[PDB]
Amino acid sequence: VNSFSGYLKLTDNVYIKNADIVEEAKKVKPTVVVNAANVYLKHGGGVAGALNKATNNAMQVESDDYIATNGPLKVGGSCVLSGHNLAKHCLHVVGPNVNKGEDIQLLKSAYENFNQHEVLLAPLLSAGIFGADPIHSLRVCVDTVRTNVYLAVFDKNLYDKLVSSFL
Ligand SMILES: C[C@@H](O)[C@H](CO)Nc1ncnc2[nH]ccc12
Ligand SMILES: [Cl-]
């Protein structure tokens with residue numbers, strides 16, 4: 001039993017809700033919140049910009065030190081950093097950005113990072129401003145993640161579309 005509330009159950013381990021991931025994280029304070037990161041951990045817009053803003057830019061400061069030490073992530077890769085005031089940990093995961101020409105096949109690799117954590121709050125990877133089809137992202141999530149994932153979909157219209165089309 002966990003403290004996530006109001007989610008629709010899609011499969012044994014995948015759940016979905018129309019919600020602002022920032023407000024969800026502030027309420028639940030999960031062990032792991034997933035950020036829709038880029039390889040430079042530059043949290044400018046979309047989920048990343050919103051999460052970072054909610055940390056008063058502390059996420060960006062921590063991320064800049066991470067990059068200065070380790071260099072960029074790989075597309076499909078991840079790193080674990082602090083969750084600041086939002087969660088215990090933030091799993092920064094880089095899905096392919098279609099608006100950059102990156103290989104959508106890497107979306108499965110991106111979701112594989114979730115399997116290293118028993119429970120996560122997360123967005124749909126490569127959706128939104130990353131330019132991939134969210135219906136496809138949800139399908140890859142369900143077919144790749146085996147741990148317990150609570151998906152927050154900001155757009156109510158898209159949420160209704162994802163549920164009604166879910167196979
Ligand atoms: C891009 C997809 O992940 C989804 C599409 O609606 N975007 C979001 N989902 C949840 N919380 C969010 N906070 C800011 C953006 C956002
Ligand atoms: Cl977005």
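Start at 1 with the first residue, then count along the sequence. First listed ligand is number 1; within each ligand, the first listed atom is number 1.
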Any [X] heavy atom less than 4.0 Å to ligand 1:
X: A19; result: yes
X: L124; result: yes
X: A36; result: no

_To the closest 0.5 Å, what do you measure between CZ (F4) and CG (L121)?_
5.0 Å
*Taking the side chain as every heavy atom from C-beta outward, state whether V119 and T147 have any pair of such atoms under 4.5 Å apart.*
no
*Going by the side-chain contact (heavy atoms from CB on, under 4.5 Å) test, name the single residue among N57, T55, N35, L51 that passes it with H43.*
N35
Look at [atom] and say which protein heavy atom is nearest, naming residue and atom and giving the distance to 0.1 Å.
atom: atom 9 (N) of ligand 1; answer: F154 N, 3.1 Å
atom: atom 5 (C) of ligand 1; answer: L158 CD2, 4.1 Å
atom: atom 16 (C) of ligand 1; answer: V47 CG2, 3.3 Å
atom: atom 3 (O) of ligand 1; answer: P123 CB, 3.4 Å
atom: atom 13 (N) of ligand 1; answer: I21 CG2, 3.6 Å

*asked:* With clusters defined by side-chain heavy atoms of hydrophobic residues (ILVMFWY) lying less than 4.5 Å apart, directly or transitively, does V33 cluster with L120?
replied: no
_Could you check whether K17 and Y7, counting side-chain N and O atoms only, form a donor-acceptor pair closer than 3.5 Å?_
no
*asked:* Do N38 and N97 pair up side chain to side chain, a donor and an acceptor below 3.5 Å, judged on atom types alone?
replied: no
*Return a yes/no value for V153: is any of its N or O atoms, backbone included, closer than 3.5 angstrom to an N or O of ligand 1?*
no
